[PDB]
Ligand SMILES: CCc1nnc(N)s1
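In the form deposited without this ligand, a lone chain appears below as structure tokens.
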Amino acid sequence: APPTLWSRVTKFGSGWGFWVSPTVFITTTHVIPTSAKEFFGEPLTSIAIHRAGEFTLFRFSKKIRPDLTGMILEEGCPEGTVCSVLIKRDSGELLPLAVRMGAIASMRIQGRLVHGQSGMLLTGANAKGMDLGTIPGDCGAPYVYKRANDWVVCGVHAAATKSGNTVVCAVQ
């Protein structure tokens, strides 16, 4: 996956978020620090926060990441799309986990009620644990894929079943 996409993935609360543009940051609602009143030097008064269930978008009034070009963010992807989840792991290791995407779903995972785009990992069978699957520290990592000539972001990592086989992407 291109270096410019890895540079957009930034450590945030109990997980990660993703710079779509110099002013727009997306992440998974549950990884956000609950009491926080300031982000990237800016007060909450100066930021437009758009919440839809487990998807949160931050739009800043100033350019926080002026090194970046704005890219395409879509509301999920077509059934059958193969995406990469851009997961960073202890020590500059980069894990772009392959996932075949399925339908928008409502599920109960570890007793929590979760709504988003379901998918199934293409890394291995019985992908429970950190070598072939997701861990709770991965929440907020972006779901991306390549079209004709450009890359698209279509959601952020929200949940995984106990078996590890099913993941859920929260969507705009």
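Residue positions are given as counts along the sequence shown, with the first one as 1. Think of the rigid core as the biggest set of C-alphas that the two forms share within 1.5 Å after superposition.
Keep in mind the form solved in complex with this ligand is missing from the figure; the text below concerns it.
Colleague: Which residues from 77-114 come close to this ligand in the bound PDB entry, meaning a heavy atom within 4.5 Å?
Modeller: In sequence order, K88, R89, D90, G92, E93, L94 come within 4.5 Å of the partner.
Colleague: Superpose on the core and compare between this form and the one not shown; which one of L57, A127, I64, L68 crosses the 2 Å Cα shift mark?
Modeller: Correct option: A127.
Colleague: For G92, decide whether the Cα shift between this form and the one not shown is 2 Å or greater, given a superposition on the rigid core.
Modeller: Shift of 2 Å or more: yes.
Colleague: Work out whether the Cα atoms of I26 and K128 come closer together or move farther apart in the bound PDB entry than they are in this form, the change being 3 angstroms or more.
Modeller: Compared with the shown chain, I26-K128 is farther in the bound PDB entry.
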